[PDB]
Each structure stands twice: as structure tokens, then as C-alpha cells.
Amino acid sequence: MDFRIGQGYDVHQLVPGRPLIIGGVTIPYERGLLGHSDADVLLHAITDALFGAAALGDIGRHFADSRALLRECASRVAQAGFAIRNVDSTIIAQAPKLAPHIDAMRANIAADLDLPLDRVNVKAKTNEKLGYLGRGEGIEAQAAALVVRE
Amino acid sequence: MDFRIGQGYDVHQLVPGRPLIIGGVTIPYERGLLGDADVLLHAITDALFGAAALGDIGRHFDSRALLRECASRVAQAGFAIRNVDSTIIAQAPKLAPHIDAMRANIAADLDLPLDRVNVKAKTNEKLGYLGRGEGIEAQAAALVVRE
Amino acid sequence: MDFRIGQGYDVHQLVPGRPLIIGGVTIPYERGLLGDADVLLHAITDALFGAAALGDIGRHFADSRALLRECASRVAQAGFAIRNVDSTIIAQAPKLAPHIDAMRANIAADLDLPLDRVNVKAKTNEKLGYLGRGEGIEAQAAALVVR
Ligand SMILES: Nc1ccn([C@@H]2O[C@H](CNC(=O)c3ccncc3)[C@@H](O)[C@H]2O)c(=O)n1
Ligand SMILES: Nc1ccn([C@@H]2O[C@H](CNC(=O)c3ccncc3)[C@@H](O)[C@H]2O)c(=O)n1
Ligand SMILES: Nc1ccn([C@@H]2O[C@H](CNC(=O)c3ccncc3)[C@@H](O)[C@H]2O)c(=O)n1
Ligand SMILES: [K+]
Ligand SMILES: [Zn+2]
Ligand SMILES: [Zn+2]
Ligand SMILES: [Zn+2]
């Protein structure tokens with residue numbers, strides 16, 4: 001009965017000489033995301049949505065392999081007494097084509113959250129050529145999570 | 001009971017010689033959306049696929065027909081739609097007097113009562129491509145239950 | 001029972017000559033938001049009206065905290081109890097972490113929630129766009145309610 005929702009936002013710059021890692025998937029591409037960690041923009045947004053659902057603050061309060069961060073986030077959410085019910089998310093990127101990699105992202109997140117595949121979703125959008133996202137200056141992710149307090 | 005949430009995002013450019021169509025409503029305006037490029041129905045569509053964990057709009061496919069088909073697929077995965085909430089971000093034109101008709105369009109397409117469908121509008125305070133009137137963005141959130 | 005979700009978005013310009021007020025907290029900074037222009041409370045207000053399918057902040061509507069209290073009252077009177085709120089402030093500067101618990105406390109008090117049902121997060125924009133250049137501040141909110 002004790003359901004809670006969270007939401008998460010993250011953006012990183014796209015620079016050359018970094019490998020591209022979104023949703024724990026290394027995607028072949030001539031640029032990658034810039035950050036202190038591996039800068040996995042999708043995992044960061046999801047981590048934030050989970051801490052938010054559980055009212056545990058945010059990713060900078062708590063915390064690098066972003067999958068390990070995601071698993072520790074999930075561990076702390078479980079320790080606060082919440083079970084995760086579902087995750088949805090959107091990646092907004094001009095390039096590259098993310099469709100061939102989506103199911104793999106979905107699978108990594110399921111694994112890290114200990115959820116079946118059917119409770120995790122990843123969507124991909126272009127920004128229709130508008131703003132810094134449209135110019136391919138960075139990649140944004142958005143996330144939503146529903147949890148319930150056991 | 002087995003609740004799930006989804007979230008949707010869409011943006012489209014504003015261009016000359018296109019009708020402005022948002023939430024199924026034709027709004028008098030010098031320019032319209034490129035793509036019927038209905039940004040609001042697209043966001044809601046993605047929010048619903050996301051909640052049912054069915055992927056996204058481009059993995060599946062006018063916008064009202066597509067919103068109807070999304071609803072069909074959501075029910076096919078065995079979910080009922082509980083509510084939809086959404087925001088349109090447009091510097092111009094004024095959307096307020098069309099919002100109720102958008103809600104009515106959406107409620108009909110999703111076979112939902114009016115009180116389970118919401119549409120909100122914001123400017124972007126003259127900031128960015130939104131503030132300059134170069135595009136219109138929509139955001140949506142959807143709650144479903146596996147019945 | 002009858003759960004519903006709302007989402008909210010808000011943005012304001014950051015200029016000198018205005019004080020910075022986010023989540024009801026006055027934050028010392030060379031610049032502030034143009035509108036009391038409380039970007040966080042506006043977004044949360046929008047998210048609550050959205051969950052209750054009551055339109056948006058402009059249709060209903062004093063400082064932003066009284067507006068939030070009136071919002072919650074109307075949400076109650078519509079048959080809904082607030083279950084939780086989560087949110088994100090996106091600002092390149094200044095550092096918001098020290099002010100987070102104050103913001104949560106104001107929101108919780110205004111909604112009559114226990115603190116552990118209100119969350120506020122902070123993010124930079126990695127120096128991208130008008131947000132990353134310190135030209136505005138954005139807030140996003142999600143609200144869960146039940147009838
Ligand atoms: N204006 C701000 C912004 C952030 N933070 C705190 O600083 C933290 C790290 N920065 C990030 O914004 C970030 C992390 C991961 N990926 C991309 C960006 C943030 O999580 C918040 O706790 C803060 O105190 N004040
Ligand atoms: N980087 C990306 C981006 C998108 N897609 C896939 O390409 C699809 C279409 N593009 C749209 O972004 C879109 C659709 C409708 N309205 C506005 C925008 C998208 O849904 C995703 O499945 C992808 O494979 N890789
Ligand atoms: N294109 C639009 C945009 C908005 N509105 C109506 O104008 C209202 C207020 N303006 C704001 O967008 C706003 C409020 C607070 N902070 C920043 C911005 C809005 O809530 C909606 O009712 C409208 O009718 N048409
Ligand atoms: K945005
Ligand atoms: Zn990040
Ligand atoms: Zn679209
Ligand atoms: Zn505002």
C-alpha cells in the first residue's frame with residue numbers, strides 16, 4: 001500500500017577520447033560522456049529517481065563504475081525498507097542510433113535492480129535538431145521510479 | 001495491486017505553413033509543428049509505453065490514431081490506465097482556452113473519464129529554443145495497473 | 001486504492017537585483033530569480049494540481065508557500081491525500097546541498113506531510129545551455145496522491 005514515486009534528470013557533455021557508456025552499454029562511437037565517474041547519464045538519472053522515491057536525497061549526497069553505484073543505491077533503497085516496482089526512462093541524443101542497444105541497457109538495469117525485464121523500460125528520443133542536444137553537445141537522460149515501502 | 005509509472009518527453013520545431021496541432025486541437029497560429037507532429041500526444045504515448053514497459057513510439061510505429069493504438073497495446077499487455085498528467089512548454093501562442101478540449105480529446109482516445117486526464121501549460125520564460133519560439137516541448141506522466 | 005501521478009516543470013531567469021528564493025529558502029547569491037519566483041514550489045504546485053487533474057498553477061492563481069498551501073487544500077477538497085513528492089533543482093550555481101533540508105521542511109510543513117515523504121535533489125547542467133551558463137534555474141517535480 002505505501003507507494004512512492006521518484007524522478008531523475010541527468011546530462012553530460014559529449015567529448016572525444018572518452019568511450020560512450022549509457023545504461024552500462026559501451027556503444028561504438030567516436031566520442032563519449034564527460035564526468036568524474038564513467039558519466040553514465042542514464043544510470044545516474046535512474047539512481048536519482050530511486051533515491052528520490054525513497055526520500056534518501058540524491059546521488060551527490062551518497063557517492064566510478066555507474067553500475068556499481070546503481071547497485072549500491074538499490075541496496076540502500078532496500079535497506080530503507082522499499083521494494084522497487086518499476087523503472088522507466090528516456091535518453092535524448094542526436095546520435096548515435098541507440099535502438100540496437102536499448103534491450104541491453106534494459107537488461108543491465110534489471111540485473112542491477114534485481115527486477116524482471118518486464119518492470120524496466122528504456123526509451124530513446126532525438127531532440128529534433130533543437131538546442132545543445134540537437135547540436136550533439138551532450139546527452140540527457142530522464143527517469144521515473146515507483147517503489148513501495150514493505 | 002501491480003501499479004507501474006511511465007514518463008514521456010517530446011519536442012518539435014515550429015515551422016511556417018503548418019497548422020499548429022496540440023492535443024488534437026488546431027490552434028490559430030502563423031506556424032505549426034514539424035514531424036501531424038502532435039508533441040503532446042507523442043509525450044503521452046511514450047509515457048504509456050514506458051509504464052507498460054513496451055519500449056517507445058519509434059519501436060512500434062495521425063497522432064490520435066497512434067494514441068489510440070498505443071492504448072490498444074497497453075491493454076494487450078494487460079494494463080489499465082489509471083491517470084495521465086502532462087505539461088506543454090510553449091512561449092506562444094496562449095494555450096489556456098484550448099486546454100479543456102485537449103483533455104477531452106485525450107480522455108476520449110484513452111477511454112478515460114475527464115477527471116483522470118490533465119494537461120498543463122508553461123512558457124519557458126524567454127529562455128532557450130523554447131523561449132525564442134523555435135519549438136514546443138511536452139512532458140507526460142502516466143500511471144497504469146496490471147489488472 | 002485510487003492512486004494518481006502528477007508532474008511539474010518550472011523555469012525562471014537568473015539575474016542580479018533579485019534575491020534567490022528556492023523551496024521557500026532565501027539563498028545568499030550575487031543573483032536571483034525573475035517572476036517571489038520560487039521555481040521549486042511552482043513545479044511542485046503544478047505536480048499536485050496535475051495528480052488531482054485540477055489544471056495548473058495559472059488557472060487557479062501571495063508568496064509561493066501560501067500558493068502551495070492553497071494548492072494542497074484544493075487537492076484535499078478534491079478527495080486526494082498526498083503520498084509523496086520528489087523533485088530536482090537544476091542550477092549550475094550556487095551550491096544548494098546546505099539548503100536542502102530547509103527546503104524539504106518548508107514543503108513538508110506546507111503540505112502537512114512527514115519529512116520522509118518529501119524529497120529535493122539538486123543537479124548542475126554540466127555547463128550546457130542557458131542553465132549551464134547560469135542564465136536560469138529549472139525545477140522538476142513528481143507527486144503521488146491517492147483518493
Ligand atoms: N547547484 C547544485 C548542484 C548540485 N549540487 C550537489 O552536487 C552533486 C553533484 N553534481 C551533479 O550535479 C552531477 C552528478 C552526476 N552527474 C551529473 C551531475 C549533486 O548530485 C548535488 O548533490 C549542489 O549542491 N548544488
Ligand atoms: N538516438 C536515437 C534516438 C531515437 N531512436 C529511435 O528512433 C525513434 C524516432 N525518433 C524520435 O526521436 C522522435 C519520434 C517522435 N517524435 C519526436 C521524436 C525513437 O522513438 C527511438 O525509438 C534511436 O534509435 N536513437
Ligand atoms: N502557452 C501558454 C503558456 C502558459 N499558459 C498559462 O499561463 C500560466 C502562467 N505562466 C507560466 O507559464 C509560468 C508560471 C510560473 N512560473 C513561470 C511560468 C500557466 O500556468 C498557464 O495557465 C497559457 O495559457 N499558454
Ligand atoms: K528540459
Ligand atoms: Zn551524471
Ligand atoms: Zn513527436
Ligand atoms: Zn515559476
# chains A, B, ... in the order shown; residues from 1 in each chain; ligands from 1
>>> residues_near_ligand(ligand="ligand 6", cutoff="12 Å", atoms="only C-alpha atoms and all ligand atoms", output="VMD selection string")
(chain A and resid 124 to 128) or (chain B and resid 8 to 13 21 to 23 33 to 46 56 to 58 61 to 63 66 to 67 135 to 139)
>>> write_last_selection(atoms="C-alpha atoms", output="PDB file, in the first residue's frame")
ATOM      1  CA  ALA A 124      15.233   6.905 -26.842  1.00  0.00           C
ATOM      2  CA  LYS A 125      14.368  10.314 -28.393  1.00  0.00           C
ATOM      3  CA  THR A 126      16.180  12.718 -30.653  1.00  0.00           C
ATOM      4  CA  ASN A 127      15.749  16.381 -29.731  1.00  0.00           C
ATOM      5  CA  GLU A 128      14.546  17.128 -33.260  1.00  0.00           C
TER       6      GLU A 128
ATOM      7  CA  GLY B   8       7.257  10.809 -21.751  1.00  0.00           C
ATOM      8  CA  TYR B   9       9.151  13.597 -23.467  1.00  0.00           C
ATOM      9  CA  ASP B  10       8.756  15.116 -26.925  1.00  0.00           C
ATOM     10  CA  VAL B  11       9.806  18.261 -28.754  1.00  0.00           C
ATOM     11  CA  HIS B  12       9.093  19.556 -32.284  1.00  0.00           C
ATOM     12  CA  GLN B  13      10.175  22.613 -34.249  1.00  0.00           C
ATOM     13  CA  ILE B  21      -1.963  20.899 -33.709  1.00  0.00           C
ATOM     14  CA  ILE B  22      -1.617  20.156 -29.953  1.00  0.00           C
ATOM     15  CA  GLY B  23      -3.656  17.522 -28.073  1.00  0.00           C
ATOM     16  CA  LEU B  33       4.819  21.546 -35.696  1.00  0.00           C
ATOM     17  CA  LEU B  34       7.135  19.505 -37.954  1.00  0.00           C
ATOM     18  CA  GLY B  35       7.144  15.678 -37.911  1.00  0.00           C
ATOM     19  CA  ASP B  36       0.693  15.675 -37.575  1.00  0.00           C
ATOM     20  CA  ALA B  37       3.635  16.219 -35.188  1.00  0.00           C
ATOM     21  CA  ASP B  38       1.361  16.353 -32.112  1.00  0.00           C
ATOM     22  CA  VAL B  39       4.033  16.884 -29.396  1.00  0.00           C
ATOM     23  CA  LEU B  40       1.589  16.460 -26.513  1.00  0.00           C
ATOM     24  CA  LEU B  41       0.079  13.176 -27.766  1.00  0.00           C
ATOM     25  CA  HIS B  42       3.575  11.855 -28.550  1.00  0.00           C
ATOM     26  CA  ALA B  43       4.783  12.509 -24.984  1.00  0.00           C
ATOM     27  CA  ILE B  44       1.688  10.809 -23.535  1.00  0.00           C
ATOM     28  CA  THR B  45       2.148   7.870 -25.952  1.00  0.00           C
ATOM     29  CA  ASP B  46       5.759   7.344 -24.773  1.00  0.00           C
ATOM     30  CA  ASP B  56       8.791   3.534 -27.205  1.00  0.00           C
ATOM     31  CA  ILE B  57       6.872   5.225 -30.029  1.00  0.00           C
ATOM     32  CA  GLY B  58       9.534   4.525 -32.710  1.00  0.00           C
ATOM     33  CA  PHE B  61       5.292   2.720 -35.459  1.00  0.00           C
ATOM     34  CA  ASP B  62      -2.383  10.966 -37.381  1.00  0.00           C
ATOM     35  CA  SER B  63      -1.318  11.265 -33.727  1.00  0.00           C
ATOM     36  CA  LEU B  66      -1.361   6.425 -32.817  1.00  0.00           C
ATOM     37  CA  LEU B  67      -2.504   7.372 -29.288  1.00  0.00           C
ATOM     38  CA  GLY B 135       9.987  24.590 -30.813  1.00  0.00           C
ATOM     39  CA  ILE B 136       7.340  23.322 -28.392  1.00  0.00           C
ATOM     40  CA  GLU B 137       8.058  20.656 -25.799  1.00  0.00           C
ATOM     41  CA  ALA B 138       5.678  18.280 -23.980  1.00  0.00           C
ATOM     42  CA  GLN B 139       6.261  16.159 -20.847  1.00  0.00           C
TER      43      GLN B 139
END
>>> interface_residues(of="chain A", to="chain B", cutoff="7 Å", atoms="only C-alpha atoms", output="VMD selection string")
chain A and resid 85 to 86 88 to 89 118 to 123 127 to 128 130 to 131 144 to 146
>>> write_last_selection(atoms="C-alpha atoms", output="tab-separated table (two decimals), in the first residue's frame")
chain	number	residue	atom	x	y	z
A	85	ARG	CA	8.11	-1.88	-8.60
A	86	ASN	CA	9.16	-0.35	-11.93
A	88	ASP	CA	11.00	3.95	-16.94
A	89	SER	CA	13.42	6.29	-18.63
A	118	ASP	CA	9.10	-6.51	-17.78
A	119	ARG	CA	9.43	-3.92	-14.97
A	120	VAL	CA	12.19	-1.92	-16.67
A	121	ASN	CA	11.87	0.31	-19.67
A	122	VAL	CA	14.30	2.47	-21.66
A	123	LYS	CA	13.17	4.84	-24.44
A	127	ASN	CA	15.75	16.38	-29.73
A	128	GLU	CA	14.55	17.13	-33.26
A	130	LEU	CA	16.99	21.78	-31.33
A	131	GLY	CA	19.44	23.29	-28.77
A	144	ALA	CA	10.87	7.71	-13.17
A	145	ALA	CA	10.64	5.02	-10.49
A	146	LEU	CA	7.81	3.62	-8.47
>>> residues_near_ligand(ligand="ligand 1", cutoff="7 Å", atoms="only C-alpha atoms and all ligand atoms", output="VMD selection string")
(chain A and resid 10 to 12 35 39 41 44 58 to 61) or (chain C and resid 90 to 98 121 to 126)
>>> write_last_selection(atoms="N, CA and C atoms", output="PDB file, in the first residue's frame")
ATOM      1  N   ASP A  10      19.523  13.828 -15.660  1.00  0.00           N
ATOM      2  CA  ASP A  10      20.972  13.919 -15.749  1.00  0.00           C
ATOM      3  C   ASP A  10      21.352  14.349 -17.165  1.00  0.00           C
ATOM      4  N   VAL A  11      22.445  15.112 -17.297  1.00  0.00           N
ATOM      5  CA  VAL A  11      23.006  15.463 -18.597  1.00  0.00           C
ATOM      6  C   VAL A  11      24.518  15.475 -18.491  1.00  0.00           C
ATOM      7  N   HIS A  12      25.190  15.037 -19.557  1.00  0.00           N
ATOM      8  CA  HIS A  12      26.644  15.097 -19.652  1.00  0.00           C
ATOM      9  C   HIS A  12      27.075  15.573 -21.041  1.00  0.00           C
ATOM     10  N   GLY A  35      32.566  13.067 -17.282  1.00  0.00           N
ATOM     11  CA  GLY A  35      32.154  13.158 -15.860  1.00  0.00           C
ATOM     12  C   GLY A  35      33.257  12.625 -14.956  1.00  0.00           C
ATOM     13  N   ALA A  39      30.393   8.552 -16.145  1.00  0.00           N
ATOM     14  CA  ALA A  39      29.411   9.515 -16.651  1.00  0.00           C
ATOM     15  C   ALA A  39      28.220   8.868 -17.345  1.00  0.00           C
ATOM     16  N   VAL A  41      24.985   8.644 -18.138  1.00  0.00           N
ATOM     17  CA  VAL A  41      23.906   9.579 -17.911  1.00  0.00           C
ATOM     18  C   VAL A  41      22.577   8.883 -17.562  1.00  0.00           C
ATOM     19  N   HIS A  44      22.764   7.366 -13.928  1.00  0.00           N
ATOM     20  CA  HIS A  44      22.684   8.478 -12.967  1.00  0.00           C
ATOM     21  C   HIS A  44      21.259   8.992 -12.744  1.00  0.00           C
ATOM     22  N   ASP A  58      19.946  12.548  -2.901  1.00  0.00           N
ATOM     23  CA  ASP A  58      20.368  12.474  -4.312  1.00  0.00           C
ATOM     24  C   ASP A  58      21.738  11.821  -4.459  1.00  0.00           C
ATOM     25  N   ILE A  59      22.172  11.652  -5.699  1.00  0.00           N
ATOM     26  CA  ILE A  59      23.365  10.850  -5.981  1.00  0.00           C
ATOM     27  C   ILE A  59      24.647  11.494  -5.398  1.00  0.00           C
ATOM     28  N   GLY A  60      24.723  12.833  -5.391  1.00  0.00           N
ATOM     29  CA  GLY A  60      25.894  13.550  -4.841  1.00  0.00           C
ATOM     30  C   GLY A  60      25.968  13.418  -3.312  1.00  0.00           C
ATOM     31  N   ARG A  61      24.813  13.358  -2.648  1.00  0.00           N
ATOM     32  CA  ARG A  61      24.824  13.059  -1.198  1.00  0.00           C
ATOM     33  C   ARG A  61      25.521  11.707  -0.888  1.00  0.00           C
TER      34      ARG A  61
ATOM     35  N   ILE C  90      17.669  22.240 -11.012  1.00  0.00           N
ATOM     36  CA  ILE C  90      18.813  22.209 -11.881  1.00  0.00           C
ATOM     37  C   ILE C  90      19.442  23.599 -11.900  1.00  0.00           C
ATOM     38  N   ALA C  91      20.607  23.731 -11.281  1.00  0.00           N
ATOM     39  CA  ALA C  91      21.276  25.023 -11.208  1.00  0.00           C
ATOM     40  C   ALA C  91      22.779  24.778 -11.212  1.00  0.00           C
ATOM     41  N   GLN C  92      23.485  25.497 -12.085  1.00  0.00           N
ATOM     42  CA  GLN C  92      24.937  25.391 -12.179  1.00  0.00           C
ATOM     43  C   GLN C  92      25.542  25.933 -10.879  1.00  0.00           C
ATOM     44  N   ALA C  93      24.983  27.043 -10.406  1.00  0.00           N
ATOM     45  CA  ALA C  93      25.373  27.641  -9.134  1.00  0.00           C
ATOM     46  C   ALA C  93      24.160  28.346  -8.524  1.00  0.00           C
ATOM     47  N   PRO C  94      24.182  28.616  -7.196  1.00  0.00           N
ATOM     48  CA  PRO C  94      25.236  28.276  -6.235  1.00  0.00           C
ATOM     49  C   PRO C  94      25.029  26.862  -5.692  1.00  0.00           C
ATOM     50  N   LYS C  95      25.869  26.457  -4.738  1.00  0.00           N
ATOM     51  CA  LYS C  95      25.763  25.136  -4.117  1.00  0.00           C
ATOM     52  C   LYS C  95      24.441  25.091  -3.310  1.00  0.00           C
ATOM     53  N   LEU C  96      23.598  24.096  -3.576  1.00  0.00           N
ATOM     54  CA  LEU C  96      22.272  24.012  -2.932  1.00  0.00           C
ATOM     55  C   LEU C  96      22.178  22.978  -1.798  1.00  0.00           C
ATOM     56  N   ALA C  97      23.075  21.992  -1.797  1.00  0.00           N
ATOM     57  CA  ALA C  97      23.133  20.960  -0.731  1.00  0.00           C
ATOM     58  C   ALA C  97      22.886  21.476   0.727  1.00  0.00           C
ATOM     59  N   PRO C  98      23.536  22.583   1.134  1.00  0.00           N
ATOM     60  CA  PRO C  98      23.339  23.064   2.512  1.00  0.00           C
ATOM     61  C   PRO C  98      21.908  23.516   2.839  1.00  0.00           C
ATOM     62  N   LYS C 121      16.216  17.175  -4.772  1.00  0.00           N
ATOM     63  CA  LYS C 121      17.537  16.830  -5.277  1.00  0.00           C
ATOM     64  C   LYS C 121      18.074  18.038  -6.004  1.00  0.00           C
ATOM     65  N   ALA C 122      19.389  18.092  -6.194  1.00  0.00           N
ATOM     66  CA  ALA C 122      19.996  19.212  -6.910  1.00  0.00           C
ATOM     67  C   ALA C 122      20.919  18.687  -8.006  1.00  0.00           C
ATOM     68  N   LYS C 123      20.943  19.354  -9.163  1.00  0.00           N
ATOM     69  CA  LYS C 123      21.784  18.927 -10.306  1.00  0.00           C
ATOM     70  C   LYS C 123      22.381  20.139 -11.002  1.00  0.00           C
ATOM     71  N   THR C 124      23.592  20.007 -11.547  1.00  0.00           N
ATOM     72  CA  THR C 124      24.082  21.039 -12.463  1.00  0.00           C
ATOM     73  C   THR C 124      23.657  20.665 -13.880  1.00  0.00           C
ATOM     74  N   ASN C 125      23.905  21.560 -14.838  1.00  0.00           N
ATOM     75  CA  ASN C 125      23.655  21.236 -16.231  1.00  0.00           C
ATOM     76  C   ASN C 125      24.918  20.993 -17.034  1.00  0.00           C
ATOM     77  N   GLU C 126      25.995  20.682 -16.296  1.00  0.00           N
ATOM     78  CA  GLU C 126      27.320  20.406 -16.855  1.00  0.00           C
ATOM     79  C   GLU C 126      27.775  21.490 -17.821  1.00  0.00           C
TER      80      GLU C 126
END
>>> atom_distance(atom1="CA of residue 73 (chain A)", atom2="CA of residue 51 (chain A)")
7.0 Å
>>> interface_residues(of="chain C", to="chain B", cutoff="6 Å", atoms="only C-alpha atoms", output="PyMOL selection string")
chain C and resi 4+6+50+53+55-56
